[PDB]
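Encoded as structure tokens, the structure appears first; notes follow it.
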Amino acid sequence: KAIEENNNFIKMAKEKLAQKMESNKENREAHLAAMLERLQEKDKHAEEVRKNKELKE
Amino acid sequence: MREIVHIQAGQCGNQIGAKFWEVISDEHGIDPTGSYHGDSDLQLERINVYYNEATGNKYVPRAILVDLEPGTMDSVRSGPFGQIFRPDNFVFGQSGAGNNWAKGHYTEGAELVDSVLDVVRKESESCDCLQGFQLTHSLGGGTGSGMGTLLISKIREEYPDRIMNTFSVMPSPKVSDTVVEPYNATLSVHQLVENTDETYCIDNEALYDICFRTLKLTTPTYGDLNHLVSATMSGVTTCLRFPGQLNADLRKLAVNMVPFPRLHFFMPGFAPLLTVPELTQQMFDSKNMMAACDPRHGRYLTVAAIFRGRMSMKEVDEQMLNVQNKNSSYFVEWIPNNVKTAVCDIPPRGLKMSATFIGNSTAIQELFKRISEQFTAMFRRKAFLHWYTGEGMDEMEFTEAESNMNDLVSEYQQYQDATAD
Amino acid sequence: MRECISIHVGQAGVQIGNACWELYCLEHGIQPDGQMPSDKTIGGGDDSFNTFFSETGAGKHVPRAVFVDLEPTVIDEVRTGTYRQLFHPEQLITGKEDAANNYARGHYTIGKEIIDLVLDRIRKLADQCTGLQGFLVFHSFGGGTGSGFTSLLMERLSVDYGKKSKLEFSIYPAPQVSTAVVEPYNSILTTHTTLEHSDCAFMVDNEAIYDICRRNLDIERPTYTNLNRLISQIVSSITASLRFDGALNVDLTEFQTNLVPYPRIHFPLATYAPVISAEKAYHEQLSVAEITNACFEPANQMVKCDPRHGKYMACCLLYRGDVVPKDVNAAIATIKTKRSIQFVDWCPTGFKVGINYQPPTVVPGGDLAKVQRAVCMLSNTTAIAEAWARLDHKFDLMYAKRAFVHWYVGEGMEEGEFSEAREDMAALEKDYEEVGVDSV
Ligand SMILES: Nc1nc2c(ncn2[C@@H]2O[C@H](COP(=O)(O)OP(=O)(O)OP(=O)(O)O)[C@@H](O)[C@H]2O)c(=O)[nH]1
Ligand SMILES: Nc1nc2c(ncn2[C@@H]2O[C@H](COP(=O)(O)OP(=O)(O)OP(=O)(O)O)[C@@H](O)[C@H]2O)c(=O)[nH]1
Ligand SMILES: CC(C)(C)c1[nH]cnc1/C=c1\[nH]c(=O)/c(=C/c2ccccc2)[nH]c1=O
Ligand SMILES: [Ca+2]
Ligand SMILES: [Mg+2]
Ligand SMILES: [Mg+2]
């Protein structure tokens, strides 16, 4: 029982840690993915502005 | 985190940049060629933040000098520290902008932007550990206002995890009487709220009022205004340019100063324009604010104070406690211990003791409302839109810029009205 | 054997490590180069000082320690400082970019890039040991590395070393010396995530040490140098049981049995005496009774709280120097009748004593007077929850408005982690309340 419970604690610490570190990498990547997608939406808007100058001449 | 990459854009940006580099080169013991001639080891300890070490012990600025108008290239190169700059880092266009934001941001500045990005990448790649970027510019012009904000958004794409800082010069009718400046500022603010980590509101109205009323000059030139800005910029970069026991970089300080991402517009201040209690009362006074807003019309979210000179630190601790006690209502109760202080041994040239002030006050809305009033005076009668709508823009984008700045003011007000219980 | 590996995380941990290791060296007669002339057995040994120092075949006595930080400038000063020869380069581990006063960067973003290296270097020290007892983790609550990297490290050390003991020396934040507005967050986060992985934690309140340096040592504006030297004296009193040979010397693990009545109630209040200047010490010998009485004066505590308005679950007295049991017993009998020492009904009221004959040492050019005798009291009092309360209140004021929370969320953290941490602290406060309540 002393071994079982010491292993249980090592087990669940390892699983809790891996679940957090993965969940964090999902979040931080989804945060940076949104930030770049807003910046790429500006490049698409600046392509419409530069077309509406040429298509008004 | 050590190396910062400086970028100066437009006439305003390049001249305040030039002055910035004159003062810190003097402080660090760098002569116009770029050799070390000082005495203290503290001058070289964090020299790498703003300078590259070339062959023959040559210290060269990490500066990128940018404009659509040539001629500004000559004035910087002819100036006192014109030789020290890197020749390839000069990236100058052809036909200028003529105080037009859509020229700087969407069309003519967009053609020059990739040639600037080359110099940024070349400087950034050589950095052992790049911390971030500082942009000196005005928001009333065309190039620094528009191409400066395009650079911000383009630098963000390739360096999303680096700090982006701006010394953004706010336009005022008392200094410059160009009529479309309220359009330029409002379009820039729409970019700055989204894409910068912290922005210093160096306001030309406050700099005029200081120069007129305090310094006694009847009609001040741009040279007089810049004496104050170079004193400010030297002050707010002291924490990065010298140690001592403080261990701070652009991110640490942005973390302690910016409690909400959009609310990153600070109120600078300097003193004197002397004893420690006088300094401390002077820097918190509205007359010494480089932004034209009254602290007492709102509340401080956070404050950073930075003293310079030989002085009793016990006395500085007592005096900073004194003003927080005496002015308790003007600091939000729901962020404990939000006023922080550093002391630097090395004073600036001329003064034995100085203090520099950085404040994230909800009163900054007084600056944004003033611009918003000047903006809406023109926009509601569709005046001067042919400058912008000709270059390709839509009225929708003009409405969005107004609405974003009105939201910014609404949010500053929300947290000013917020209470603990 | 019974080896003890110290791990020093962040600026506060590293700089406290320097104070501690400089101080141990002087206590054990170890030179800056690592030589120990009085040590006749070259290359190894089973002596008491070998619990903290391994020996090389060249006679070098090397700290069983690792210095970790996520930026180079603090550890660079050990690499180039007086004791540069004392540490192997592999014991001193630095990153390039710090955690920026952000728990998230220390635990996840920057911290995950160096964590495997750090554990590998701890493993080389562990394999030097014939009977490893445990770890002593020095770190701040407030720093991003101090809070975030420590938590990560403690989590991993529980995986790799099971239930092998892990002690903390945690630096609790104070506005006088701190420059970080987000410390309340970092503190609550690290305290929450480490709680299951620490067996005992000695908190040190910077304000408590700041006031002691001002009041007792007459230092107008105490620096970290002033605080760390005092802290190292307290740390030395607590580790002296492991590092020295003694007939009346009680082991630290034996005090721990008395100090930790339940796993979560593992935060002893430390109190040290005498802290006195050289001027005041001259023609002023302080008896056993005077320094023992000084332990119950709350101005001498390492954490600002009031034991008199709380309840005791343990009281341990760690004496060092010219001290004999007779005097200690007399002094205790005097204190019992004269002072506010109320125990809970489920504990026995007897004070537990340990004595080390090796007297306390001072660092040359210090502020402390060299004294013949000294004492450190380790008590388990419900009063220490006040420190949790003050810090939990600062957290709530900011978190209600989500102030600064975007910085943590930007680096990958969820709001769930904040409230989960605060609820654990709410429970911790409730636990300290419950243990004080009388039985039925
Ligand atoms: N404080 C200060 N303000 C300046 C300085 N030079 C220009 N300004 C202000 O900057 C605003 C105009 O922007 P400029 O920087 O001249 O224009 P630009 O960004 O170079 O754009 P273009 O002129 O179109 O190339 C006005 O409000 C001026 O008062 C200076 O040296 N100091
Ligand atoms: N007692 C003591 N406290 C310190 C020392 N250095 C820093 N602190 C305190 O520790 C807290 C700040 O954390 P640091 O340890 O400096 O930061 P860090 O752990 O290096 O983490 P980052 O710098 O954010 O990556 C504040 O409360 C400081 O006052 C020291 O030498 N002694
Ligand atoms: C403790 C102290 C005074 C160092 C502090 N705490 C939070 N902020 C600061 C100061 C600053 N904070 C900043 O964010 C800052 C910005 C900066 C520095 C250099 C270049 C551009 C911006 N400059 C500062 O001096
Ligand atoms: Ca030996
Ligand atoms: Mg121009
Ligand atoms: Mg640090």
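For region C:269-383, the mean projected area of the C-alpha convex hull, equal to one quarter of the hull surface, is 7.4 nm².
Here chain C is scanned for GluC sites (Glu not before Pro) in DSSP loops (not H, G, I, E, B) that have at most 15 other Cβ atoms within 10 Å, and the longest stretch holding none of them is C:1-219.
Scaled to the compact-protein estimate 2.2 N^0.38 Å, what is the alpha-carbon radius of gyration of chain A, rounded to two decimal places?
Numbers: Rg = 24.8 Å, N = 57, 2.2 N^0.38 = 10.2 Å.
The reported ratio for this selection is 2.42.
Measuring between their Cα centroids, region C:321-350 and region B:1-20 lie 68 Å from each other.
In a solvent-free Debye calculation with one equal scatterer on each Cα, what is log10 I(q)/I(0) for region C:61-181 at q = 0.10, 0.19, 0.21 Å⁻¹, listed in the order of the q values? Relative scattering, expressed as log10 I(q)/I(0), comes to -0.31, -1.14, -1.34.
Plugging the Kirkwood radius over Cα pairs into Stokes-Einstein for region B:334-421, at a temperature of 25 °C and a viscosity of 0.890 mPa s, what D comes out in µm²/s? Write down the numbers at each step before the final one.
Details: Rh = 17.1 Å.
D, rounded to a whole number, is 143 µm²/s.
Any idea what the relative contact order of chain C is, in percent, if you count C-alpha pairs under 8 Å spaced at least 6 apart?
Numbers: 849 pairs, mean separation 70.3, N = 440.
Once divided by the residue count of chain C, the mean separation gives 16 percent.
The loop-placed chymotrypsin sites (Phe, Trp or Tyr not before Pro) in region C:234-303, going by DSSP, that have at most 15 neighbouring Cβ atoms within 10 Å of their Cβ come out as C:282. In order along region B:290-305, the Karplus-derived 3J(HN,Hα) couplings, from 6.51 cos²θ - 1.76 cosθ + 1.60 at θ = phi - 60°, round to 6, 9, 8, 9, 9, x, 5, 8, x, 9, 7, 6, 9, 9, 10, 10 Hz, and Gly and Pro are given as x.
Just need the relative contact order of region B:279-421 here, percent rounded to a whole number, with Cα pairs under 8 Å and 6+ apart.
Relative contact order comes out at 32 percent.
Just rank B:387, C:407, B:21, fewest to most, by other beta-carbon atoms within 10 angstrom.
Numbers: B:387 18, C:407 23, B:21 27.
By the 10 Å Cβ count, ascending: B:387, C:407, B:21.
If you take the alpha carbon radius of gyration of region C:1-268 and divide it by 2.2 N^0.38 Å, what ratio comes out, to two decimals? Please report the intermediate quantities before stating the final value.
On the way: Rg = 17.7 Å, N = 268, 2.2 N^0.38 = 18.4 Å.
The reported ratio for this selection is 0.96.
Loop-resident trypsin sites (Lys or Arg not before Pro) (DSSP state other than H, G, I, E or B) in region C:346-427 with no more than 16 further Cβ atoms inside 10 Å of their Cβ: C:370, C:402. Using r as the Cβ-Cβ distance of residue C:1 and residue C:434, and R0 as 45 Å, what FRET efficiency do you calculate, to the nearest 0.05? It comes to 0.70. Using only Cα coordinates, the Kirkwood hydrodynamic radius of region B:260-363 works out to 14.0 Å.
Counting every Cα pair in region B:307-370, what percent are over 18 Å apart?
On the way: 1016 of 2016 pairs.
Roughly 50 percent, rounded to a whole number.
Cross-link partners for residue C:40 among the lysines, with Cα-Cα distance under 17 Å and sequence neighbours closer than 8 places in the same chain left out: C:60. For region B:5-134, the extents of the C-alpha atoms along the principal axes are 48, 30, 21 Å, listed from largest to smallest. Panel note: the C-alpha atoms of region C:207-248, placed on their principal axes, show extents of 41, 16, 14 Å (largest first).
Scaled to the compact-protein estimate 2.2 N^0.38 Å, what is the alpha-carbon radius of gyration of the protein assembly as shown, rounded to two decimal places? Before the final figure, lay out each step's value.
Working: Rg = 30.2 Å, N = 918, 2.2 N^0.38 = 29.4 Å.
Dividing the Cα Rg of the protein assembly as shown by 2.2 N^0.38 Å gives 1.03.
For chain C, a Gaussian network of Cα nodes joined below 10 Å ranks C:144, C:57, C:17 by mean-square fluctuation, and the top entry is C:57. The long axis of helix A:2-54 is offset from the longest Cα principal axis of chain A by roughly 0 degrees.
Restricted to Cα atoms, region B:162-263 shows a radius of gyration and a Dmax of 16.0, 49 angstrom. Length, then width, then depth: along the principal axes, the Cα atoms of chain B run 61, 61, 45 Å. Among the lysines of region C:269-383, pairs at least eight places apart or on separate chains and with Cα atoms under 24 Å apart come to 13. Within region B:205-250, the trypsin sites (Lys or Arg not before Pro) that combine a DSSP coil assignment with at most 10 other C-beta atoms in a 10 angstrom radius are B:216. Binning the C-alpha pair distances of region C:34-107 at 5 Å intervals from 0 yields a P(r) profile of 3, 15, 21, 17, 13, 12, 8, 6, 4, 1 %, listed from the shortest bin outward. Summing +1 for each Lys or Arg and -1 for each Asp or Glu among the other residues whose beta-carbon sits under 12 angstrom from that of residue B:225 gives -2. With neighbour counts taken as other beta-carbon atoms within 10 Å, the residues B:138, C:187, C:287 rank, fewest first, as C:287, C:187, B:138.
Of all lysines in the structure, the ones whose alpha carbon falls short of 26 Å from that of residue A:1, not counting any fewer than 8 places away in one chain, are A:11, A:14, A:16, C:163, C:164, C:166.
Restricting attention to region B:1-259, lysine pairs at least eight places apart or on different chains and with alpha-carbon atoms under 20 angstrom apart total 4. With Cα atoms defining each centre, region C:136-197 and region B:345-421 are spaced 40 Å apart in the structure. Measuring spread by the Cα atoms of region B:376-421 yields a radius of gyration and Dmax of 15.6, 53 Å.
Excluding same-chain residues fewer than 8 positions from residue B:314, which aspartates and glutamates have a Cα within less than 16 Å of its Cα? Counting by Cα, and skipping residues close in sequence, residue B:314 has these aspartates and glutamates nearby: B:278, B:345, C:207, C:211, C:218, C:220.
The numbers here are math on the coordinates, done by the rules we state, and not lab data. All Cβ positions, even for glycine, are placed from backbone atoms using ideal geometry, and neighbour counts span all protein chains on display.
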